[PDB]
Amino acid sequence: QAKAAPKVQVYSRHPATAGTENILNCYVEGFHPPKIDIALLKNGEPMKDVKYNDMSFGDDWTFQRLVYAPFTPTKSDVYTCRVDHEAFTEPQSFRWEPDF
Amino acid sequence: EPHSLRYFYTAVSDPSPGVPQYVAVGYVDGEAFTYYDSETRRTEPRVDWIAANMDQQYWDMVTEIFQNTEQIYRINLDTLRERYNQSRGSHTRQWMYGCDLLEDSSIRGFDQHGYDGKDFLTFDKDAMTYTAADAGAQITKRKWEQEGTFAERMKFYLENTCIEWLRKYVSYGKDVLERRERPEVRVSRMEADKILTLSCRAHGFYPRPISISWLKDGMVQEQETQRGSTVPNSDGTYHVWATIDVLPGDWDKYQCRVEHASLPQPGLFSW
Amino acid sequence: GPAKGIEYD
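Residue numbers (the authors' numbering), protein chains in the order written: chain B, 2 to 101; chain A, 1 to 271; chain C, 1 to 9.
Here it is, written out as structure tokens:
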């Protein structure tokens, strides 16, 4: 197979405010084959209530997926998106920058 | 006034979590509107305006086309594994096709096939012919173009049937597709050493096209600006960021400029 | 509406 490695962006639906409910987004694109594991983590633990939009692909055949979950960010909590794909040599973690 | 209808088919020999054996997703202007996979074996709406305008026989009609194509793509996976002399394992057969209706009412057609992540057959608009990527693909090119009528039936579909569908679809979705939503913009400072990084983030805008740039005393700083790709939110709006590194004592000179269909004049935003 | 009568590879 033509193995292509995902690129990842992690971002919030709205500009974030500590203590205010929001939605955490992890967008993963550019991967091939389609088999993939994408996890949203709060302090290293899988978050509750994670949703997944429809896998699509682009005209270089690589796939794209939005993963998203409600969250209420604080100053102390660390949110990451962890991506486990066979184009990587180990699972790759991507930290949400709060930008409060 | 640009419009598009697109279908994306993905068939795998090796289903996995979140990857059914066969998935067919339809899109109008880049937004999913119908979904089918081999696990449910039904076509579901993905936006309200298609569920409200289509009766049961539409959903039955597209469903049996997807079920039949599912069946054909399972045969394709066996055919292509043998043709390329591969071992059983991980294999992916993909098709993307559809039509565009442009500003000036001219139309465009897309018809392209992939196997195991690589070009297989690509329709070339100027040659009016599928481009085979390799000797394996040439066999199918011959089947479609010379030994039967399939290439001509696809041509007709792309140039006629696809357009007729696109016209119907835009008229049922006109309110959702031509809506406007304004970005919430924030400029943030990111951590760095002896250098001040400014990050401009635009949240929740629709439609997708956007210009986000950094100005210094009114002058674009394209050379020094890095910008991420536009990415979706869960509600069908979009998101983008742009950063610039600046001299700490120049902080007051920089504004993020956002030009968007939702904004009467381009917005300027400051740290 | 999708294309019908798809031919084998």
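C-beta: ideal position from N, C-alpha, C; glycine also.
If you draw a straight line from the Cα of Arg179 of chain A to the Cα of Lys8 of chain B, it comes to about 30 Å. One alpha carbon belongs to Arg182 of chain A, the other to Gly204 of chain A, and they sit about 7 Å apart. Under DSSP, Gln94 of chain A takes part in a beta bridge, and its partners are A:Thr10, A:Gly114. A straight line joining the alpha-carbon of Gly236 of chain A with that of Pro16 of chain B spans about 17 Å. Membership of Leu80 of chain A in the alpha helix (DSSP H) is indicated by the continuous run 56-83. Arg83 of chain B places its beta carbon 9 Å or farther from that of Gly18 of chain A. Of all alpha-carbon atoms in A:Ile212, A:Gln67, A:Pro207, the one lying nearest the alpha-carbon of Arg41 of chain A is that of A:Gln67. Burial check for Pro35 of chain B: the Cβ neighbour count within 10 Å reaches 16 or more, so the residue is buried.
Contact between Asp111 of chain A and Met154 of chain A is confirmed by a C-beta separation of about 6 Å, below the 8 Å threshold. By the neighbour-count definition (other C-beta atoms within 10 Å, threshold 16), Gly218 of chain A is an exposed residue. Per the DSSP secondary-structure output, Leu263 of chain A pairs with nothing in a beta bridge. Unbroken beta strand (DSSP E) stretches of 3 residues or longer found wholly inside the segment 125-212 of chain A: 129-132, 184-190, 196-205, given in chain order. In this structure, DSSP gives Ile37 of chain B a state outside helix and strand, which the three-state scheme calls coil.
Per DSSP, the unbroken beta strand (DSSP E) holding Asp245 of chain A starts and ends at 238-246.
Neighbours of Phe8 of chain A across chain B, judged by C-beta separation under 7 Å: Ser57, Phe58. With contact defined as three or more Cβ pairs closer than 8 Å, the segment 3-21 of chain A and the segment 21-29 of chain B are not in contact.
Across the segment 228-247 of chain A, CB contacts with chain B closer than 7 Å involve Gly228, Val231, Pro232, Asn233, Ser234, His239, in sequence order along the chain. Under the three-state reduction of DSSP, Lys253 of chain A is assigned to helix. For the 9 Å CB-CB criterion, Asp85 of chain B and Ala40 of chain B form a contact.
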